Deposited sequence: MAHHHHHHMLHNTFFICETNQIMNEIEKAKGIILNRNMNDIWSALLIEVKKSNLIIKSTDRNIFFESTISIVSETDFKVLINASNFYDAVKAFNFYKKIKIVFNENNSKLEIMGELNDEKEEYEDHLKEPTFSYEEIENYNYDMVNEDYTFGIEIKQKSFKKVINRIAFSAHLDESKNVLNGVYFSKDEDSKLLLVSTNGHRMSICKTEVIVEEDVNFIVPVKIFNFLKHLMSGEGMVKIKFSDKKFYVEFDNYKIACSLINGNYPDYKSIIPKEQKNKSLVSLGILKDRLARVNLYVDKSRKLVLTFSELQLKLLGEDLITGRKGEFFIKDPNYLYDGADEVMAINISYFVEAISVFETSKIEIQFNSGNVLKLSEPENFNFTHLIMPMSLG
């Protein structure tokens, strides 16, 4: 590889955005760590950017100008800093100096370079380290293509409910299944709160897959919301492709719990609450809830009472929501609920009002009026 012909020219803002995206899954330990690096490949007039956390494998492509093909492994954080450092150039020229294990970066100006021009030198890994990192983008058992906008909404309603500990293997995954009508269905839970999203997609094949939630948190940052996204499953892997991206990860090989059994059939007590006012009041009563997150709710016909109380000190805040912001049909019911779960759940709702229904001493069910595709359940806390 020679300096004069081992380079590429790219749009600075574009490669900045793609590096920011790719490094999203990279835990940036130390500049000498190959797992803190990303792999860029020049292939004719395309640049391929790859990153991995050794479970999720990510690949993006952008158009460039080049003369020879080559690969470079470079610390993601430093490379991002370099491109940010040069964001005042519309285009940059990136030169690979294999003799010194360095990327030399200069603005790709439109005409002559002077003696003294701005210049960056970014050290790279050796060519022998690329073999340790590289991944090449299996027999698919089932695939669907859906609108990006819909998939983003489903992710927004599903991802937050999965268990947050990646070592609690099953509950940290998003469960893909099929309902009685053969419609694709997503479920997530941490054991205490749960999201269920039924789609309109009909799938003839068997669907029984558990996908670690991290890829969905990643995806919601990547998807524009315009266009289509192809999703594919194999025996061991999950695959997603859309726009200039390809992403894959491993499935969790386990048995997802029988979520169907905890869905309440008919609930005796039903409330309809104005969403914006609920959000505002929860933010205020939150100032009176301790680290246990225990919020005490009282449902009556005329009002919903929100009580934040500290039993040790006597510090207490009480807020009421009444007509025209609250309707209730049921018995007088007092219950404790995790305010973080409550707030997190209602923050994904987009309707003017929210339905909150429950059987006494049982799971609280949250839903949108006229939406029969989305259900969120929250187990109450012991009142005492």
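By the record, the deposited chain contains unmodelled runs at 1 to 7, 145 to 146, with no C-alpha atoms placed there.
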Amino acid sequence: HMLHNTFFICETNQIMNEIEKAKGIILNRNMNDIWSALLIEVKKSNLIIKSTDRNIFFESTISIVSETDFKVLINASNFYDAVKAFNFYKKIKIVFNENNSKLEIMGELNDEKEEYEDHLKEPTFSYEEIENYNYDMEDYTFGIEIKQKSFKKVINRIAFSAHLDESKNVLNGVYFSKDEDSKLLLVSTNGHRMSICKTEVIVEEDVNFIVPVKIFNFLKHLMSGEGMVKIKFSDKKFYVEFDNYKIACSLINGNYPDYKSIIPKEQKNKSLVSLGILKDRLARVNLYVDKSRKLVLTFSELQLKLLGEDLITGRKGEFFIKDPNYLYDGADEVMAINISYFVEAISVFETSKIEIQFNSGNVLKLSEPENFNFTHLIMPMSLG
From here on, numbers count along this sequence of modelled residues.
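Between the stretches 80 to 88 and 229 to 237, it is 229 to 237 that shows the larger average CA temperature factor. Of the two segments, 196 to 204 and 275 to 283, the one listed with the higher mean B-factor is 196 to 204 (C-alpha atoms only). The PDB entry gives the largest Cα B-factor of the residues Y326, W35, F70, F342 to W35. Comparing the listed residues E104, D118, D243, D258, the entry records the largest Cα B-factor for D258. Among all modelled residues in this chain, the alpha-carbon of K316 has a temperature factor (C-alpha) in the middle third. In the PDB entry, a CA B factor belonging to the lowest third of its chain's modelled residues is recorded for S51. Among the modelled residues of its chain, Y288 has a C-alpha B-factor that falls in the lowest third according to the deposited record. Among all modelled residues in its chain, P212 ranks in the lowest third by Cα B-factor. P123: CA B factor in the middle third of modelled residues in this chain (values from the PDB entry).
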